[PDB]
């Protein structure tokens, strides 16, 4: 970046010169160039200034063709400023200007960018358009096919990325395939490919492999000197450490990402989400301290039951131990420490079975089944979930059956049974409505609408939202 000092002076020189000679086309070409340097420096408002004046020179004196790249860059900067409506305006004008000329390549670019803006809106109808434009972009990169290599690999990248936000396996396939294409022929595409690969891996719970991939995304961003890049690589390495109970490393990676974000003038929102993450981990640390204090309390109650066995203080200390275990599963489930959750759930089931309680035993069955699903141990999860369902049947519990059915459907979905998943959601709604419990109906409706929204059924989903 030792060359970005004079490389601006020469471009500002050429802009003032095309202004002094009335070379309108080169006024606008150099306005674009300088706006692009400003964009690559994180100066998005100041990029918008001489992207607006490039747009204006093109509209005033230049043919319509000039409007086509300028609308892209303009629509890009609005995206990085979190101005989505504003982006979409020029993004769509870009698509129009590319269709009326039918050059296909620019039509690919406009579709990739449309899919980007919609994907980014949805995390904050949107998923439908996102999938539509990402798929169209992939098809327009296949049609374009050492010619459109970048666009092809990038379209693979974006389509794989769209998959996981719950099709982890096809995302795995697409991203690994794109990386294979890269090796078949230190690139900025490998950055995002490694990035989303580590993200899907850490969703599949394989930490070390996700660690490796996130780690090289960081390294490659350090080499390219892509500051925002390694800010996102550090924020995801911090996510890795946070999900695996390593909080001090998490705050280290989050502070590093903060320093990267705060060195750019117009990356304010990323720095605010980094601050938000840092305080979330700070709060989880207190939650963990509560965990460990109640664990010590549990050790004391265990020594009290060992001494008061058969005394009828055995049952009292047993229910005290059940209460401690319930507090413990609650704290263990706020933070995402699902292994401790499984521990506490299992020990709750052992002391419910000893206490000859059907209700507590059904609850411990539900919590052990949730603990097993959140590990992505789906078969063991459905076995414990049906255990809890059939135990809730034997007693006068309709809530429990509804809960067990809904969560069982969640497991079914995440295993690839979209059909049985929604069927279980709807059965859960059946029991839910049949027992006049409002919140379980709400949750069942929420996953029903989810199942339908991910299946592109607008009418049904919009009806459930009501």
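Numbering follows the first chain given and starts at 1.
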#### Entry: Sequence continuity check, residue 124 and residue 125 (deposited residues unmodelled)
4 to 9
#### Entry: residue 165 to residue 166: deposited residues without atomic coordinates
1 to 3
### Task
On mean C-alpha B-factor from the PDB entry, just flag whether 392-400 or 299-307 is the higher one.
392-400
### Summary
Going by the entry, of stretches 42-50 and 405-413 the one with greater average Cα B-factor is 405-413
### Query
So among 151, 100, 212, 265, who wins on Cα B-factor in the entry?
100
### Summary
Among 250, 88, 95, 345, highest Cα B-factor in the entry goes to 95
### Query
Hey, what third does residue 233 fall into on Cα B-factor, ranked over its chain?
lowest
### Task
Using the B-factors in the PDB entry, rank residue 369's C-alpha atom against the chain and give the third, lowest, middle or highest.
lowest
#### Entry: Ranked C-alpha temperature factor of residue 140 among modelled chain residues, by third
highest
### Query
If you rank every modelled residue in this chain by C-alpha B factor, which third holds residue 57: lowest, middle or highest?
lowest
### Query
Sorting the chain's CA B-factors, does residue 333 end up in the lowest, middle or highest third?
lowest
